[PDB]
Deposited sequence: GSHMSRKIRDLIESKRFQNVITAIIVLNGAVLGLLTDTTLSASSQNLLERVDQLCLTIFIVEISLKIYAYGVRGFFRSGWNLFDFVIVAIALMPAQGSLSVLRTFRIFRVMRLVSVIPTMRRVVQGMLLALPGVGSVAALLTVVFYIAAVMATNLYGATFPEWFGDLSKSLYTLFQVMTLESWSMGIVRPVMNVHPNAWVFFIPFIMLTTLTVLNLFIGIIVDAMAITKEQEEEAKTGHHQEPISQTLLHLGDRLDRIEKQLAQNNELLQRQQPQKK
């Protein structure tokens, strides 16, 4: 099929990506201008028409891809499905957050798409650290609700309220002037609860963050190498393994020969 192959090659061109990137930027600029509550009716109609035009250009773009690659081939990519959901949601009249269309900058620009991929692929490796943090938060929230809920109902009156103020305490935001000094006026030993909670959760959150950053950076760096040269660099352990194999080949020809 020469027509399908001319469309797929048009889609894959740098100028097609640049034109779609320009329409995403324009659509996001009119949605940002539409937040201004002082616009005239004519200005609002005008900007809403550019939003309706921007959306239809994405509809033509997506339909072109579903014909050039096929339904099976298009929906086999997570980024094509993501783009399809964003544009198909707009054809649902009864949602209300059109600005999420600017996320398509991530899916459309490959260098930005590799940053997200690296962050997503790094998440499984830190799953046990995230589960440990989740476990500490849950136990702390139950303890805080039972200990301080009757005396401090706005902050600890229920599990949800305790989870919220423990997240604020973990971020160090007014943890002492705002929360723990007011609580110690009633419960003088409360520092025994909150100070170890802060020590354990700030250490665990920083471990979770560093674990993601280190892995994500190395994954994205490997993905960038593959996109440019077709392959990525081999690990230092594999480089030293191939040297050992070459050393054993030389050793074999020294005892025999």
Can you give me the gaps, meaning deposited-sequence stretches with no C-alpha coordinates, in sequence order? 1, 96-102, 266-277
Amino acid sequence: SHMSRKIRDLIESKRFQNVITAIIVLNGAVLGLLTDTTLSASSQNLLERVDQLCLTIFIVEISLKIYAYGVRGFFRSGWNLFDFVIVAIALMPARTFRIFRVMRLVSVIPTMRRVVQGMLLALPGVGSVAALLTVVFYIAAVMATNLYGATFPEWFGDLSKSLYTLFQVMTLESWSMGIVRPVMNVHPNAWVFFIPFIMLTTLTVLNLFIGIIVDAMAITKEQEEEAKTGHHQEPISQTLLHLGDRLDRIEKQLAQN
From here on, numbers count along this sequence of modelled residues.
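Rigid core here is just the name for the largest C-alpha set that superposes within 1.5 Å across the two forms.
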Which of these two stretches, 225-233 or 62-70, has the larger RMS Cα offset in 7 other deposited structures of this protein when the rigid core is kept aligned? 225-233
Of 27-35 and 216-224, the one with the larger RMS C-alpha deviation from the shown form in 7 other deposited structures of this protein, core-superposed, is 216-224
Quick check on residue 179: across the other compared entries (only those modelling residues on both sides), is it unmodelled in a third or more? no
Taking the other compared entries of this protein, do a third or more of them lack coordinates for residue 144? no
Look over 199-207 and 30-38 in the entry and identify the one with the greater average Cα temperature factor. 30-38
Do the CA atoms of 112-120 or those of 75-83 have the higher mean B-factor in the entry? 75-83
The residue of 88, 180, 129, 172 with the maximal C-alpha B-factor according to the PDB record is 88
Would you mind checking where the Cα B-factor of residue 59 ranks among the modelled residues of its chain, as the lowest, middle or highest third? middle
Based on the entry's values, in what third of the chain does the Cα temperature factor of residue 66 lie: lowest, middle or highest? highest
Thinking about Cα B factors across the chain, which third does residue 190 belong to? lowest
Ranking every modelled residue in this chain by its Cα temperature factor as given in the entry, which third contains residue 149? lowest
Chain third (lowest, middle, highest) by recorded CA B-factor, residue given as residue 157: lowest
